[PDB]
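In: pasting the structure only:
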Ligand SMILES: NC(=O)[C@H]1CCCN(C(=O)Cc2cccc3c2SCC3)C1
Ligand SMILES: [Zn+2]
């Protein structure tokens with residue numbers, strides 16, 4: 001579990017969105033596993049606008065933060081699950097690091113701010129749905 005609170009928006013993994021997220025839906029994309037909903041309260045997370053390939057992510061299955069190098073956002077094949085059929089997930093970044101079901105939602109950050117959130121993982125790997133291209137989150 002985990003979300004990004006920026007301005008009047010809440011960004012979460014689409015497969016983990018609630019009834020409230022869908023009733024106040026701003027934008028959603030199954031291929032990216034992202035859903036953004038509107039909020040009444042103001043959010044204060046800063047989103048990074050960079051091309052960093054190093055950062056720190058929160059791993060709830062270990063209750064620890066870990067430094068990682070990560071790949072550039074790209075189309076990556078993702079195995080069938082109870083949420084999606086077998087498909088390519090776009091804007092995904094991979095890193096070597098621990099990750100198990102339940103770590104989705106954990107924030108990945110660089111010196112500039114929030115880069116994205118855990119969405120995939122397995123075999124000593126962790127996939128992060130990137131949010132740096134969503135320039136509208138700020139305005
Ligand atoms: N984006 C998707 O289609 C997700 C949907 C849920 C399932 N999924 C996974 O990768 C499961 C998983 C296994 C092992 C470690 C981890 C995970 S998810 C957090 C870390 C794909
Ligand atoms: Zn950065």
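Out: That came in fine, so what should we check first? Residues are numbered from 1 along each chain as shown. Ligands and ions are numbered 1, 2, ... in the order given.
In: now do the helices in the protein.
Out: For the chain, the helices defined by DSSP state H cover 19-23.
In: domain map for this structure?
Out: As assigned by CATH domains of a matching chain, the chain contains the domains 3-44, 45-139.
In: in TSV, list those along with mean neighbour count.
Out: Just so you know, the C-beta spots here come from the backbone N, C-alpha and C atoms, and that holds for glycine as well. Supplementary listing: those in TSV, determined by neighbours: other C-beta atoms under 10 Å:
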stretch	mean neighbour count
domain 3-44	17
domain 45-139	16
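In: tell me, what residue is most central in this structure?
Out: What sits nearest the mean C-alpha location of the chain, by C-alpha atoms, centre = their mean, is residue 117, with 2.3 Å.
In: what's the spacing between that residue and residue 104?
Out: Between residue 117 and residue 104 the computed distance is 7 Å (C-beta to C-beta, to the nearest Å).
In: name the residues contacting each of those two.
Out: Shared contacts of residue 117 and residue 104 (C-beta atoms under 8 Å, 6 or more residues apart in numbering): 2, 13.
In: looking at the domains of the chain, which is nearest to ligand 2?
Out: Across the domains of the chain, ligand 2 has its closest neighbour in domain 45-139 (3.1 Å, C-beta to the ion).
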